[PDB]
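The next block holds one structure in the form of C-alpha cells; read it before the comments.
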Amino acid sequence: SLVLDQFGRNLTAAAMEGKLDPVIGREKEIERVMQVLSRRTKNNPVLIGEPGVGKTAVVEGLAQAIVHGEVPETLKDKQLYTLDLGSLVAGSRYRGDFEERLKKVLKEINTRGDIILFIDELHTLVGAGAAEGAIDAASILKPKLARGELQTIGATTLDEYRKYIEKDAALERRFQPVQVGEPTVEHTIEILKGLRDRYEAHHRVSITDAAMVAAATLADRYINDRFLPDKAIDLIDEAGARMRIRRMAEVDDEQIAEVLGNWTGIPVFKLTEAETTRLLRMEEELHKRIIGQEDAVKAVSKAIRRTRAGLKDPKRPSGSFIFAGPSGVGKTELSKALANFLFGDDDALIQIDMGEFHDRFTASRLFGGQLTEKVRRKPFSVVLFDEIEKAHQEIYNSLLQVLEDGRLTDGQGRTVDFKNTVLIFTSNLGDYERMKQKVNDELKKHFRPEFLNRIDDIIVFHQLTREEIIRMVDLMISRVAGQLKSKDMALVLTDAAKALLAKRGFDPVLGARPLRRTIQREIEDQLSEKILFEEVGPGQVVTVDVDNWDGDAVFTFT
Amino acid sequence: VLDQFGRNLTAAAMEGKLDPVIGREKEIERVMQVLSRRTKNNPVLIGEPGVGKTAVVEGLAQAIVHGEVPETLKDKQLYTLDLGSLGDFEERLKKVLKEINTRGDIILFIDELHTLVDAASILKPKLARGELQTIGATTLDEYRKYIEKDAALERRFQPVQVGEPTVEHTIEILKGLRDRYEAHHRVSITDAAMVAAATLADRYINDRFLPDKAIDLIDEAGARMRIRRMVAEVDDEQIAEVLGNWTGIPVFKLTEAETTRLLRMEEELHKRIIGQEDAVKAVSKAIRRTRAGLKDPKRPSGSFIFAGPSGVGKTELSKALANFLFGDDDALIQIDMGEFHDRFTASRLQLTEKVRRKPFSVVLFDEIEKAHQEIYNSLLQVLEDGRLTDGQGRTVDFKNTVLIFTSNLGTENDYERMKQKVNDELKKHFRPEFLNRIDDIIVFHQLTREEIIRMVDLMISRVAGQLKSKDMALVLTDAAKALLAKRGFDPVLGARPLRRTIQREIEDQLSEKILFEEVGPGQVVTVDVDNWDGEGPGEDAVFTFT
Ligand SMILES: Nc1ncnc2c1ncn2[C@@H]1O[C@H](COP(=O)(O)OP(=O)(O)O)[C@@H](O)[C@H]1O
Ligand SMILES: Nc1ncnc2c1ncn2[C@@H]1O[C@H](COP(=O)(O)OP(=O)(O)O)[C@@H](O)[C@H]1O
C-alpha cells in the first residue's frame, strides 16, 4: 500500500482507470492461471516462454479479468501488484537492507491480506541478496509460499527456468509451470487490429489492414533475433513515429517497408511483396554482376523460379544445386549474386570449405556449430559446401540425411530448420551432354546414386571466352578507377594493354583464380611507385600502353 | 522547484549559453523517432567516451527552442539532475518527481544511467508508471553489464548508437566552436591549424577520443599561446609542440610531412639491422606503396611475408620497423602460433586487449605453418573484410596495423630458385587464396663473411661498453675476427650459435682473466690468435689475450 507503491505499479488501479492494452485470443492461458490461483496450497504459477510473447500481457489480461468481474470468488477484489527484484537488490551495501525492505513488503502484504504479487525476473529470486546457500529471497519466500498464504506469479524462459529453478527442487515444487504460446500470424494480426484504436489515438495516423499484414509477414520472415509479437508492434509503432516526425496520414506497406529496411539495411524496394516482379527481372539482376555462362544463368534462374513456386511438397530444402567446372569461372560471385538477390545481403551467405575438416573432431565444429549458429540467427541463408570430394563417410551421412529430411541433428540438441535455405555445392570434380554424362557416371562411381537422384539441378560452367576475360578486366578497372578517383586518377586501358593483362592474369591450368594476385602486382604496385616517385600526379589521365608484343614485354604509363 | 535541484537546458538556450552542435542530424532524428513512441519511448545514448552524448541533447534543446520538432515536444523543457544537490534526500527526490508528474511536460536527461541501477528506490517504479520521458547516456559496456541483463528495463528503453565522427566532421565541429573559443580566449585560429590538430589528435593520442581529443588540443594550444604572449595565430607548430608536451615525443621533423619520413627507411634501419639490403629495399618500397593510402582504404595497411630462419634478421627487421614506424619497441606485440596449436588457445585471438592498448602498432604472427585451422579462418576473415569480430563485440580497426607473418617455410639464381620453391610451397602446403591476400612476399638471403663479421663487431660492442663502464679497453684483430666468425658459422640455424661461441670463448675467458688480475685496469686488452694459418678449422688455434 504505502510501501508497495515505492517498488511497483498497481495493475488493478490502472485497470479501473483504463491504461491497459487489451488482450485477444489468450483466454486459455488466462483461464489456466486463474485455475492455479484458485488452489488452496501452492497457488503460484510461473509463466514459461520466450521473451516477447506476452507473459506480462497475459498478467495484464488477468488484471482486466479482475477489474471487469469474470473471476471466481477467491480472486474477487484482489489488487494485483508488480514488483521488480532489481529495486530490492540495489541499495544493499550494508548487512541486511534488502532483507529489511523485503520483510516490510511481506508485512504489508500480510496486513492487507488481499494482494497477488507479480514478481518478474523470477530467476533472481534464488540469487537475490546473499548467495544461494545463505539467507536470500528464495530462502525467505519458501516457508511462506508452500502454505498458500502468499500468492505470487512468475515469468521466466525455458532455458532460464530449466537451469535456475529446476535445480532447486524446493522452489520447483512451489511453482506450477504455465506454458505461454508463441502467437501465430493471425494472432498477431488480431492483436494489431485490437491495438489499432490505441495507436491511432496515440500517433494520430490512419493504419490500414494491409499494413498490418505486411508488418506481420515481414517481422516473422526477416527478424529472427526475437519472437512474435513484440517485433511487429515495435515496427508499426516506429512507423507511426516516423510519420509523426515527418508530418511536421495513412499507413501503407511503403512506410513499414522503409522502417524495416532501416532496421535491417536491406533496400526498401526489395521488402515490398512484389515477388513476381523480382522473378521477372532476376535474370538481368543476376547478369549485371556475373559474366558469361548464359546457359548456366538460364538454368539457375528457371531452377530458382520453380523452387520458389511452392508447388512442391513443403518437406524439402528450397535450393540444392551442383556447380561443376574449372576453378575461377565465376561460381563464387554467382553464389554472391544469389545471396544478394534472394535475401538483400551479400554477407547473408555462409562460406565454409569442407575439405579442410576431415575427422569427427572437426565434424563437431561443423554441426556437433558455426553453420548451426548462423541458421539459428537467420535460417533464410544460402549455404556453400565446397570440396565435396575429400570428405569422409560420416560427413556424407550427415549431408545426405539433411538432404532427405530437411533437418539437421546437431550436438547442441536442436533440430534446425532448413526448409527455405539454398544448398550450393561448388565442386571442381570432372559437349554439354558429354560433360553431364561424365559428371553423372563419375558421381555414380564415387558417390551413392541417392545423392545424384536427390539433387535438383546440375549446372556445368564452360570455359570463359577471351572477350569475356577482357570484359572482366574492364569490370575490375571500373572498381580500380572508382577507388582511385579520390586522387583524380582517370585510367585509360588500351586494347594492347587489355590483351597483355588478360595474358598475364589468366592461367589455363589454374583457371582465373590467380587474377587478384596478378592484377595488383602488375598494375597497382607500378602506379603506386610511379606516384611516389612523382612520374605522374593528380588531375592527369594515365593512359597505359605496352610494347614488344602486339599479338618480357615492357609497359609505358603514359 | 527543479531550478535549485537541477539545471535547465531549454531555458538555457534562451541566453545562448549552450554550445552549438554540428552535423548530428541523424542521431537527433533517431532521438526524435524514439521520443515520439508509446512503447520503448525512452532512448539511451550509446557511445564510446568523449564523443558528445550530451552534445546531441543540447542539439535537441536548440531544435526545440528554434522549433523543428513535432507536436509532442512542443513546450518541452529539458532538465539535467545532479545528485550532489539532492530521509530528507528520499522525500526531496519524491517531491521532485511528483512535481514533474504535476507539470507533465518536463523531459529529463540523466547521464550514466547504470548509476541509477541509491536513487533506484524512487525512480524504478514511477518510471514504470510511465510519467517520465527520459533520455539516457551510457557507454556500451555498462549497458551490456547492467541494463541488458536486467529484463525489467528493456520494456521502456531502446538503444541508439553514437559513433565516432570522421575527421572532416571533427574539422566542421572545430569550425563551429571557433567563434566561441576565439571569443573567450581572444586568440585567432587557422583552418590549416584545425585540420592539422584533427590529424595529429588521431595520430599521437590514444586515451582520449574524437572530437574532444581535438578540442582539448585546440584549447591547450590557445592557453599556451596566452602563456607565451603574457597578432596571435595558433598554427601547426603550436599543435606539434602541444603534442610534444603531451605525449613526451620530440618535435623536430617527426611531426611533419610523412613522405620524408617514409623515404628515409634504409639508413635508419641499417643503423640497427645488418645487411639483407635487397630485402630491405623490397620491404621499404612495399610499405611505401601500401601505407600511402593508394590501396583501398578498407583493408589492412600492410601484409608482410619474411620467410627464412628464425632470429637471423627477420625478428631484427621487425624490431627495427617497430623502432622506426612508431618510435617504440613495446608497441611490437609478440604472438607465435606454436603456443596457439589448440582450439582453446585459438579462441583467444590476450590479442584484443594489447592491440586496443595501441591501435597504431605493428603485429607479429610467428610460425604460421603450425597455426590452427580456426586461426586460418580468422586470418582469412581479417584479410577479406579488414575487421575482426572479437569476443567482446567490437570491430578492432585495421586501417592502421601492418601485418607481419614471420615463417620458416623454405628453409641470385640460387635465390631465384629458392623464391620459386617458396611460391610453390605456399601454393601447395598453404592454400593459394590465403597468400593471394598478401601485399608482398620477400625471402631473406644467407649471410656472407662481411655480414658475419659486422654481426660480430656489434655483438662484442655490448661487452666492450661493459668494459668501458669498468674503465677497461678492448681491441680485436682481423685474424681473430675471421676465426671467431668461422667458429660461429652455422647457416642452417643462423647467427644464434654465434652468441654461444662468443660467450664460451671471449666473455667467459676474459671474465676469468680479469679475476686473475694481470691485464686489468690501466692496460688495453687485445685478443689474438696463434698457431693458425687462416684456412684451418681452428682446432689447433687458441685465443690469446694481451
Ligand atoms: N495478446 C496481446 N495483447 C496485447 N498486447 C500484446 C499481446 N501480446 C504481446 N503484446 C505486447 O507485446 C509487448 C511485450 O509483452 P510483455 O508480456 O509486456 O513483455 P514480454 O512479452 O517481452 O515479456 C507488450 O507491450 C504488449 O503490449
Ligand atoms: N557535433 C558536435 N558539434 C559541436 N560540438 C560537439 C559535437 N560533438 C561533440 N562536441 C563537443 O565535444 C564535447 C564532448 O562531450 P562528451 O564528453 O562526449 O559528453 P559526454 O560526457 O556526455 O559523453 C561536448 O562538450 C561537445 O560540446
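Numbering starts at 1 and runs along the chain as displayed.
Just so you know, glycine gets a Cβ as well, placed from its N, Cα and C.
According to Swiss-Prot, the protein has these features:
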BINDING   B:47-54, B:308-315  ATP binding site
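Where Swiss-Prot records a feature, it is marked here on the structure.
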{"residue": "B:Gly47", "record": "ATP binding site", "Cβ neighbours (10 Å)": "21"}
{"residue": "B:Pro49", "record": "ATP binding site", "Cβ neighbours (10 Å)": "10"}
{"residue": "B:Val51", "record": "ATP binding site", "Cβ neighbours (10 Å)": "20"}
{"residue": "B:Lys53", "record": "ATP binding site", "Cβ neighbours (10 Å)": "23"}
{"residue": "B:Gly308", "record": "ATP binding site", "Cβ neighbours (10 Å)": "26"}
{"residue": "B:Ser310", "record": "ATP binding site", "Cβ neighbours (10 Å)": "17"}
{"residue": "B:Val312", "record": "ATP binding site", "Cβ neighbours (10 Å)": "22"}
{"residue": "B:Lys314", "record": "ATP binding site", "Cβ neighbours (10 Å)": "27"}
DSSP three-state assignment for B:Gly47 (ATP binding site): strand
Can you list which of the binding-site residues B:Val51, B:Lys53, B:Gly308, B:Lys314 have their Cβ under 6 Å from some atom of ligand 2? B:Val51, B:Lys53
Give the helix, strand or coil assignment DSSP yields for B:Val312 (ATP binding site). coil
